[PDB]
Amino acid sequence: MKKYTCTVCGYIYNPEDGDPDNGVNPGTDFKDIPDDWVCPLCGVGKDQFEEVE
Ligand SMILES: [Co+2]
């Protein structure tokens with residue numbers, strides 16, 4: 001699975017780690033994260049993220 005970065009603040013979503021404090025368990029692909037989730041650091045929505053390639 002691919003890493004995704006927040007293009008506003010630089011937070012990296014790592015699917016191996018998830019974001020468990022906000023209910024995103026380890027092993028969750030970015031596409032499967034609920035669409036109301038926001039960047040844990042800067043608070044922007046998923047639409048400001050992009051695949052790290
Ligand atoms: Co951010």
# chains A, B, ... in the order shown; residues from 1 in each chain; ligands from 1

$ residues_around --residues "range 22-35 of chain A" --least-positions-apart "2" --cutoff "9 Å" --atoms "only C-alpha atoms" --output "VMD selection string"
chain A and resid 1 to 4 13 to 20 37 to 38 40 45 to 47

$ closest_atom_pairs --of "chain A" --to "ligand 1" --cutoff "10 Å" --atoms "only C-alpha atoms and all ligand atoms" --output "JSON lines"
{"residue": "A:5", "atom": "CA", "partner": "ligand 1", "partner_atom_place_in_ligand_line": "1 (Co)", "distance": 8.0}
{"residue": "A:6", "atom": "CA", "partner": "ligand 1", "partner_atom_place_in_ligand_line": "1 (Co)", "distance": 4.7}
{"residue": "A:7", "atom": "CA", "partner": "ligand 1", "partner_atom_place_in_ligand_line": "1 (Co)", "distance": 6.7}
{"residue": "A:8", "atom": "CA", "partner": "ligand 1", "partner_atom_place_in_ligand_line": "1 (Co)", "distance": 5.2}
{"residue": "A:9", "atom": "CA", "partner": "ligand 1", "partner_atom_place_in_ligand_line": "1 (Co)", "distance": 4.1}
{"residue": "A:10", "atom": "CA", "partner": "ligand 1", "partner_atom_place_in_ligand_line": "1 (Co)", "distance": 5.8}
{"residue": "A:11", "atom": "CA", "partner": "ligand 1", "partner_atom_place_in_ligand_line": "1 (Co)", "distance": 5.2}
{"residue": "A:12", "atom": "CA", "partner": "ligand 1", "partner_atom_place_in_ligand_line": "1 (Co)", "distance": 8.4}
{"residue": "A:13", "atom": "CA", "partner": "ligand 1", "partner_atom_place_in_ligand_line": "1 (Co)", "distance": 9.8}
{"residue": "A:38", "atom": "CA", "partner": "ligand 1", "partner_atom_place_in_ligand_line": "1 (Co)", "distance": 7.9}
{"residue": "A:39", "atom": "CA", "partner": "ligand 1", "partner_atom_place_in_ligand_line": "1 (Co)", "distance": 4.6}
{"residue": "A:40", "atom": "CA", "partner": "ligand 1", "partner_atom_place_in_ligand_line": "1 (Co)", "distance": 6.7}
{"residue": "A:41", "atom": "CA", "partner": "ligand 1", "partner_atom_place_in_ligand_line": "1 (Co)", "distance": 5.1}
{"residue": "A:42", "atom": "CA", "partner": "ligand 1", "partner_atom_place_in_ligand_line": "1 (Co)", "distance": 4.1}
{"residue": "A:43", "atom": "CA", "partner": "ligand 1", "partner_atom_place_in_ligand_line": "1 (Co)", "distance": 6.0}
{"residue": "A:44", "atom": "CA", "partner": "ligand 1", "partner_atom_place_in_ligand_line": "1 (Co)", "distance": 5.8}
{"residue": "A:45", "atom": "CA", "partner": "ligand 1", "partner_atom_place_in_ligand_line": "1 (Co)", "distance": 8.2}
{"residue": "A:46", "atom": "CA", "partner": "ligand 1", "partner_atom_place_in_ligand_line": "1 (Co)", "distance": 9.2}
{"residue": "A:48", "atom": "CA", "partner": "ligand 1", "partner_atom_place_in_ligand_line": "1 (Co)", "distance": 8.1}
{"residue": "A:49", "atom": "CA", "partner": "ligand 1", "partner_atom_place_in_ligand_line": "1 (Co)", "distance": 8.2}

$ select_by_dssp --residues "chain A" --states "strand (DSSP E or B)" --output "short mmCIF file (atom, residue, chain, number, x, y, z; two decimals) with N, CA, C and O atoms, in the first residue's frame"
data_model
loop_
_atom_site.label_atom_id
_atom_site.label_comp_id
_atom_site.auth_asym_id
_atom_site.auth_seq_id
_atom_site.Cartn_x
_atom_site.Cartn_y
_atom_site.Cartn_z
N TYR A 4 0.61 8.44 1.63
CA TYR A 4 0.01 9.68 1.13
C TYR A 4 0.48 10.85 1.96
O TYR A 4 0.65 10.73 3.16
N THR A 5 0.71 11.99 1.33
CA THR A 5 1.14 13.16 2.08
C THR A 5 0.11 14.27 2.02
O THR A 5 -0.53 14.49 0.99
N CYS A 6 -0.02 14.98 3.14
CA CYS A 6 -0.83 16.19 3.21
C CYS A 6 -0.08 17.33 2.53
O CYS A 6 0.99 17.72 2.99
N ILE A 12 2.57 12.77 6.77
CA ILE A 12 2.58 11.57 5.93
C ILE A 12 1.65 10.51 6.56
O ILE A 12 1.84 10.11 7.71
N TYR A 13 0.64 10.08 5.81
CA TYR A 13 -0.15 8.94 6.18
C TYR A 13 0.56 7.65 5.76
O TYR A 13 0.80 7.41 4.57
N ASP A 19 -3.94 5.78 11.68
CA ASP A 19 -4.10 6.90 12.56
C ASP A 19 -5.08 6.45 13.65
O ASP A 19 -6.23 6.90 13.70
N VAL A 24 -8.60 5.12 12.63
CA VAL A 24 -8.10 4.54 11.39
C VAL A 24 -7.07 3.52 11.79
O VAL A 24 -5.98 3.86 12.22
N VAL A 38 -9.73 14.06 8.73
CA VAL A 38 -8.90 15.23 8.44
C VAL A 38 -7.45 14.97 8.89
O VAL A 38 -7.19 14.12 9.73
N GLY A 45 -8.89 18.40 4.86
CA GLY A 45 -9.54 17.17 4.44
C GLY A 45 -8.68 16.30 3.54
O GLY A 45 -7.64 16.71 3.06
N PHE A 49 -4.64 15.65 0.02
CA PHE A 49 -3.57 14.64 0.07
C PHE A 49 -3.26 14.15 -1.32
O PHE A 49 -4.10 14.22 -2.20
N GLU A 50 -2.05 13.64 -1.50
CA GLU A 50 -1.63 13.04 -2.76
C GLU A 50 -0.73 11.82 -2.48
O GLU A 50 0.02 11.79 -1.50
N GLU A 51 -0.83 10.82 -3.34
CA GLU A 51 0.05 9.66 -3.32
C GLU A 51 1.47 10.10 -3.36
O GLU A 51 1.84 10.96 -4.16
#

$ select_by_dssp --residues "chain A" --states "helix (DSSP H, G or I)" --output "ChimeraX atom specification"
/A:20-22,30-32,46-48
